[PDB]
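As a basis for the values below, the full set of heavy atoms in this structure was taken, side chains included, without hydrogen atoms, waters or symmetry mates. Here is the naming used below: chain letters follow the sequence lines, and residue numbers restart at 1 for every chain. When a ligand or atom number is given, it counts from 1 through the structure's own listing order.
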Amino acid sequence: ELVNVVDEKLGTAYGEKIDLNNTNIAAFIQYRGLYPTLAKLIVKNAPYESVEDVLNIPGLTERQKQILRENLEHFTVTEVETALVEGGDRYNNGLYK
Amino acid sequence: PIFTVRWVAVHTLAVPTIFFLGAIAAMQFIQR
Amino acid sequence: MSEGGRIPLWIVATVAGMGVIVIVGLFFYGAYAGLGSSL
Amino acid sequence: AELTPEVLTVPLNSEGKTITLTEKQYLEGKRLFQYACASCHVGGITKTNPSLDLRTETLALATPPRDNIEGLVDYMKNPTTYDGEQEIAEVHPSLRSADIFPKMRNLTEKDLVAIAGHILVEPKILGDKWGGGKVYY
Amino acid sequence: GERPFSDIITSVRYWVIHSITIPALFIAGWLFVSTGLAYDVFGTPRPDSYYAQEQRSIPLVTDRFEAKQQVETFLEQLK
Amino acid sequence: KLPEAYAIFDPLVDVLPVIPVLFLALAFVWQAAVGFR
Amino acid sequence: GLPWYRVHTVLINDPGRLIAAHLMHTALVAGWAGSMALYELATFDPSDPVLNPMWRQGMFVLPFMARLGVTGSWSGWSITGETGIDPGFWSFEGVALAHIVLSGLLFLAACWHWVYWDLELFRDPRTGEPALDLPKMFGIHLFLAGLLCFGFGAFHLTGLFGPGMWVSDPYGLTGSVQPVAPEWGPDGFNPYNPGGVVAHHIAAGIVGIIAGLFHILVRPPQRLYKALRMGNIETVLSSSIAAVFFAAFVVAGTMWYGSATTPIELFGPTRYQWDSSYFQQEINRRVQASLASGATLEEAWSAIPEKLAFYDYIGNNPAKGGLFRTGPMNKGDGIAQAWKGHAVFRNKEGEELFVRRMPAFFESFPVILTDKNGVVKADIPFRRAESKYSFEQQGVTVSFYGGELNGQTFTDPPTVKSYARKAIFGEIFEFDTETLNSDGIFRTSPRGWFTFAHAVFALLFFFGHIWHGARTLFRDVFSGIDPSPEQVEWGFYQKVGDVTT
Amino acid sequence: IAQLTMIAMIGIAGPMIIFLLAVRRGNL
Amino acid sequence: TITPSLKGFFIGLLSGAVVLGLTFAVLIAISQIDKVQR
Ligand code: CLA
Ligand code: CLA
Ligand code: CLA
Ligand code: CLA
Ligand code: CLA
Ligand SMILES: CCCCCCCCCCCCCCCC(=O)OC[C@H](COP(=O)(O)OC[C@@H](O)CO)OC(=O)CCCCCCCCCCCCCCC
Ligand code: HEM
Ligand SMILES: CC1=C(/C=C/C(C)=C/C=C/C(C)=C/C=C/C=C(C)/C=C/C=C(C)/C=C/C2=C(C)CCCC2(C)C)C(C)(C)CCC1
Ligand SMILES: CCCCCCCS[C@@H]1O[C@H](CO)[C@@H](O)[C@H](O)[C@H]1O
Ligand SMILES: CCCCCCCS[C@@H]1O[C@H](CO)[C@@H](O)[C@H](O)[C@H]1O
Ligand SMILES: CCCCCCCS[C@@H]1O[C@H](CO)[C@@H](O)[C@H](O)[C@H]1O
Ligand SMILES: [Ca+2]
Ligand SMILES: [Ca+2]
Ligand SMILES: [Mg+2]
């Protein structure tokens, strides 16, 4: 069974929410207060077993945890996909405008 | 009133040309 | 008089020529102002 | 279609107040935006970071909000990252950094208001083209 | 078997005639446009007549035989 | 801008650079006057 | 001696050897026809007129035999799909044979005319010089052409003494050869009306008999004889080439746009039928009427003939080929085996989605599905990173009604995508790509090849016309101009070229 | 206007020299 | 009926005949006045 793993990943929560373990960093621009400061810590500290583990990143401020809580509903986690995280692609996935 | 072929020929071109150039001159002052 | 030569051909040429330059110049001006100027 | 006072009416602040820009004010803002900003922000995008554009919806979600005259003017005096967390004067044109960005040196309040007004009106005219990049050319 | 142009265009008669007719045609063309008659003769949009206020789609003719009517409708839709 | 004393002369300063071109054009007025002999 | 491009000029004043050259030409053309038909019979598979008709098999002459009533083989089959028909002598094979025999007889006649070129008939009774009286030959030939045209219309096409012509319904589902009555009203000028072709031949044929009698009986005006150089055979060549390029352009046009004489069961559908979704509209009409009479979706789609569905498929559009993509349409997409049925796509919400069809202009085309209002609902993305419409996000599924897959539903995104890629081509077919080692790349039908060859030849024949018209009208100066500088200078003559002014 | 006037004055000058010399049979 | 487009056709035909008719009447008139000497 040859499968395109990126297209298959679009049928998971990855296709519906910001996947903390896979989605490229620009995606965090979609909601108030996430980019660039929280975006960087989230990407640097991935992967997470559950979205709520994002609250445990070392060094987060009290306000950062609050902003993260307000955005847990926009987040998801799926298994790390090599094709999405190699190449430094979470920091620049070759898409601009 | 005596015309020539050449005279007719020159004026079928020259007369609209000047009219058109006045038209185009005016257009340079149109603002959106 | 229908007399040819009365106005030297060089003056006719110089004046018609400046006429052309002026009209064409106006058209270039128009490329930067009003319709077509992108502004 | 024409550039009506309705089109020229934009949010002055986050609380519901609007101003109606004059035709003259809009054209001045356009000219000033070209002069001071379009080198990086032509058509609403940002050439040195294309992830952030000047679309109204994007500005609405910046911190502090930047989708109104006063927020845009504040951005022009004291620019921040999108999360409001770092001050970026030192790498972004502003009144505060008009020493190292000289095209900012003579801008008055009126100038900033006009620029801000251009930025909010342009999408109301151009729709998706504003901030859309080459896809929409 | 006719007069050389350079005899004609260097003659006083020519310039007397044409100093009236050339500026007159030029001015008539100028006014064909400045009075806006050129728009109405050719059906060309003025700068405020490409779109009704909100719409962003072009009034493209889609029907061969009621093309006349369609354009009329598009023109009425300009409030 | 020019020093402000000279400001009145701005419109003249704007046309000056084109003058060298008028010299090339002048050669032709002249030659037409000696009938391109 | 003569340069290579003038060798045939030796015939200009040798009417017997010209006839011999003409006889040879006609032997060659008729032998081509006989050979072509035999090669087509050696390659044509008659076993499926529904999904494997002649126009999918690169058949070029078979349709011309079929258009005028030759529909059977001695071996028992017919192009309409019958068995045990007995076509008499005039099967495709007997036509091919008749042309081969004709060729041979023509060849032998050419030899005779070549050897016995010096007939007294070809000499002018006064001067004894070779001479053809062309104005009278024109009348004789025009009269004969008149009698034949009339005969063709009045006996053959009517069925009064002959088989008639191919006619069909507007969707090319039930074609057959039928007697056709002349249409004498203005609908006789409708290209799509077969009765007009019949009235044309009756009426134009009588006009040719009358005008030929005129031309037999009345000499040309001296003014026209002189102006058109009627003593010079090359005048006839010039104007005959003009008539022929006019005719060639007309047949290229009626082949491309379609007419009663370019039926779609013989030449394939037209590109315009795809452009206007001509068949898709008729299919949807039949389906809706089924639904309105209380059919289930399965029954309504199952009632659509495979033949109608197959017209609604872009691989049968003549505007999807390539100049160097050679051979039968079967060589590209394959030999069509069966309709898969009509695919209905739906998103996870159950809304029906419609795949945007490929216009003929495009070699490739994106896969985009919209709702009934043209709003985009799903697609196959190129960049994935900011995809919003993938079949996977939108839970697109496909269900088939009618054909092989009737009643089946697929939900796995690879398979749903594969069918959506096929849906850009219209209705979906199963093809045998192995038998001919088909390469998957579209080819045009004989409608397209006929059109191409005849538009190109008509254009080139325009040159031939100009060339020979020039040679006729400038015969006196064709070796160069007279060895006064007052005919070609100004002021010397009042009227150009006129020495008596 | 100021610009167009300088232009017309400066531009006229060349042709003026030619015209003057022509008028007084000068060494053209 | 005489359809709108058949009336359109007659208009086109008459127009063309008038253009040609006038052109020829005028050229014949001129040629008749302005004769060649021999
Ligand atoms: C130019 C006009 C024209 C054309 C192209 C056709 C074409 C055709 N006719 Mg129509 N027809 C016409 C005018 C025409 N007809 C006229 C004017 C009449 C009234 C007389 C008819 C009345 C008519 C009848 C009654 C029949 C046809 C049939 C046919 C088809 C078979 C004949 C054939 O291919 O011979 C091609 C001929 C040659 C290539 C010439 C060969 C000549 C030499 C000597 C070789 C002979 C070969 C062969 C051994 C002889 C056959 C024997 C046979 C009589 C049994 C063919 C589609 C037949 C049909 O229906 O078939 C399905 C048929 O029965 N036609
Ligand atoms: C009631 C009597 C009757 C009836 C019903 C018909 C019926 C018909 N005739 Mg016939 N006709 C008749 C009597 C009749 N005729 C008589 C008495 C004569 C005189 C002998 C003719 C001579 C005649 C000619 C010469 C033609 C017909 C054609 C036709 C058909 C017209 C439909 C069509 O497909 O045109 C399609 C053809 C056209 C619309 C003509 C196009 C004209 C072109 C544009 C002129 C310029 C061409 C030039 C080379 C430049 C092209 C440039 C290009 C490359 C861009 C139809 C079968 C036409 C035909 O054969 O069609 C297949 C045709 O060309 N007839
Ligand atoms: C009007 C002429 C005509 C037309 C429209 C067709 C049409 C058809 N034929 Mg038939 N055929 C013809 C005449 C024609 N044929 C002749 C004369 C022969 C004898 C050679 C054949 C023998 C034949 C065979 C053996 C086969 C066909 C087949 C076919 C089909 C595929 C055609 C194809 O792939 O072409 C491809 C066409 C090209 C690649 C275009 C060639 C362009 C030339 C090379 C350009 C030359 C340029 C020139 C040298 C430049 C000079 C420049 C100079 C002046 C300076 C199609 C239905 C095929 C089929 O499916 O049959 C069932 C098939 O197998 N044909
Ligand atoms: C009915 C059509 C027809 C006929 C009967 C003729 C006949 C003639 N032509 Mg004209 N001509 C025609 C159409 C025709 N032409 C067309 C369509 C064109 C444009 C292509 C021309 C352009 C033309 C020119 C420019 C010249 C002639 C000349 C001649 C004369 C000498 C021909 C010769 O010796 O060639 C000998 C030819 C060869 C030895 C080889 C030619 C090989 C060709 C290029 C490729 C192979 C063709 C292939 C075999 C044929 C299939 C044809 C089919 C697909 C149409 C002769 C009177 C010549 C002339 O006027 O002499 C005073 C001359 O200079 N013709
Ligand atoms: C570039 C085009 C062109 C040129 C330069 C020539 C040149 C020549 N032609 Mg050819 N001819 C042409 C195209 C051309 N022809 C076309 C398209 C046809 C129809 C098939 C012919 C049919 C033809 C014949 C039958 C004869 C000539 C002959 C000649 C020669 C003498 C002049 C003559 O009769 O003119 C003909 C005049 C014209 C081409 C002008 C036609 C103007 C028409 C009537 C205007 C129609 C307007 C239209 C109604 C508007 C409606 C448009 C519609 C789409 C809405 C000369 C070599 C003669 C010759 O070879 O003598 C030795 C000869 O016998 N011509
Ligand atoms: C299906 C059956 C097929 C069989 C047919 C096969 C026969 C085909 C014969 C065709 C060959 C004809 C060629 C003759 C060639 C030939 O004889 O040329 C020279 C010839 C000179 O003719 P003259 O009038 O000087 O007569 C001298 C005599 O000796 C000629 O017989 O001129 C022409 O033939 C005119 C047209 C050819 C001009 C073509 C020149 C091409 C230049 C080079 C182009 C390539 C380089 C391009 C680089 C970018
Ligand atoms: C006075 C002229 C300018 C104006 C009015 C302006 C306006 C803005 C605004 C409103 C934003 C925030 C966008 C958002 O939050 O959605 C922004 C961001 C940005 N602009 Fe400008 N800008 C100007 C000049 C420039 C120039 C000349 C450059 C290039 C050197 C530039 C590069 C950037 C970059 C890189 C960002 C993103 C900064 C970050 O968040 O890290 N800007 N600008
Ligand atoms: C003698 C005789 C005989 C026999 C006969 C025969 C057997 C014949 C055959 C014939 C034939 C069998 C023929 C054929 C022909 C062919 C042809 C003539 C072809 C041509 C071709 C062409 C021309 C082409 C061209 C082209 C090409 C190549 C490529 C593409 C393009 C084109 C299309 C251009 C008999 C016994 C009856 C009896 C009597 C005597
Ligand atoms: C040289 C080939 C001669 C062979 C002729 C066999 C004739 S067979 C004959 O043909 C007639 C005409 O089609 C038919 O009407 C008839 O039913 C059929 O049996
Ligand atoms: C040159 C001699 C070869 C001629 C062969 C003549 C076939 S004759 C042909 O035969 C068919 C059965 O095969 C019948 O259907 C048909 O009626 C009959 O005309
Ligand atoms: C491959 C598993 C999914 C099946 C969906 C395939 C679309 S349909 C498929 O298309 C081929 C052309 O690509 C034809 O040759 C073949 O006959 C047909 O079965
Ligand atoms: Ca305005
Ligand atoms: Ca294979
Ligand atoms: Mg302008």
Might you check, step by step, whether the distance between atom 2 (C) of ligand 9 and some protein heavy atom is under 4.0 Å? yes
With no hydrogens and no angle check, do the side chains of G:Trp77 and G:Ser75 hold a donor and an acceptor under 3.5 Å apart? yes
If we number the atoms of ligand 8 from 1 as shown, the ones under 4.0 Å from a heavy atom of G:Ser35 are 11 (C), 12 (C), 14 (C)
Scan the protein's non-hydrogen atoms and note whether one is under 4.0 Å from atom 2 (C) of ligand 8. yes
When rounded to the nearest 0.5 angstrom, what distance separates CE in G:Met59 from CG in G:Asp45? 9.0 Å
Please check if any side-chain donor atom of G:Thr433 sits under 3.5 Å from a side-chain acceptor atom of G:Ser438, or the reverse. no
Any luck finding a side-chain donor-acceptor pair between G:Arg384 and G:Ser390 under 3.5 Å? no
Is atom 19 (C) of ligand 8 less than 4.0 angstrom from at least one protein heavy atom? yes
Protein non-hydrogen atom below 4.0 angstrom of atom 30 (C) of ligand 8 present: no
Atom 11 (C) of ligand 8: any protein heavy atom closer than 4.0 Å: yes
Neighbour count above 12 (heavy atom, 6.0 Å) for G:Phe478 CZ: yes
Atom 37 (C) of ligand 8 protein-contacted (non-hydrogen atom, under 4.0 angstrom): yes
G:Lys340/G:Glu404 ion pair, N-O < 4.0 Å: no
Where is the nearest protein heavy atom to atom 17 (C) of ligand 8: which residue, which atom, and how far? G:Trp32 CB, 4.0 Å
Full working for ring pair (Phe, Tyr, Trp, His ring centres under 6.0 Å) between G:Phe400 and G:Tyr419: CA-CA 10 Å; G:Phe400 282 86; G:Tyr419 286 120; 4.8 Å; yes
G:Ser103 heavy atoms within 4.0 Å reach ligand 8 at atoms 8 (C), 10 (C)
Checking a contact table here: which protein heavy atom is nearest atom 5 (C) of ligand 8, and how many Å away? G:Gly104 CA, 3.6 Å
Please determine whether G:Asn437 has a backbone or side-chain N, O or S atom lying under 3.0 Å from the Ca ion (ligand 13). yes
Please check atom 22 (C) of ligand 8 for a protein heavy-atom neighbour under 4.0 Å. no
Can you find a protein heavy atom closer to atom 7 (C) of ligand 8 than 4.0 Å? yes
Residue that, paired with G:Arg447, satisfies side chain to side chain donor-acceptor pair (under 3.5 Å) out of G:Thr262, G:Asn316, G:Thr270: G:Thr262
Hey, is atom 13 (O) of ligand 9 touched by any protein heavy atom at less than 4.0 Å? yes
Regarding G:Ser168 and G:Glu265, is there a side-chain donor-to-acceptor distance under 3.5 Å anywhere? yes
Centre-to-centre under 6.0 Å for G:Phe457 and G:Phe452, is that the case here? no
Can you find a protein heavy atom closer to atom 34 (C) of ligand 8 than 4.0 Å? no
Residue and atom name of the nearest protein heavy atom (relative to atom 40 (C) of ligand 8), distance in Å to one decimal: G:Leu108 CD1, 3.6 Å
For a quick check under 3.5 Å, do G:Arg443 and G:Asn330 share a side-chain donor-acceptor pair by atom type? no
So, is the end of the G:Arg67 side chain (NZ or CZ) under 6.0 Å from the ring centre of G:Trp166 and within 45° of the ring's axis? no
Do me a favour and list the nearest non-hydrogen protein atom to atom 4 (C) of ligand 9 with residue, atom name and distance? G:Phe89 CD1, 4.1 Å
Is at least one protein non-hydrogen atom found at under 4.0 angstrom from atom 17 (O) of ligand 9? no
Looking only at heavy atoms, is any part of G:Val29 under 4.0 Å from ligand 8, and if so is it the side chain, the backbone, or both, or is it neither? neither
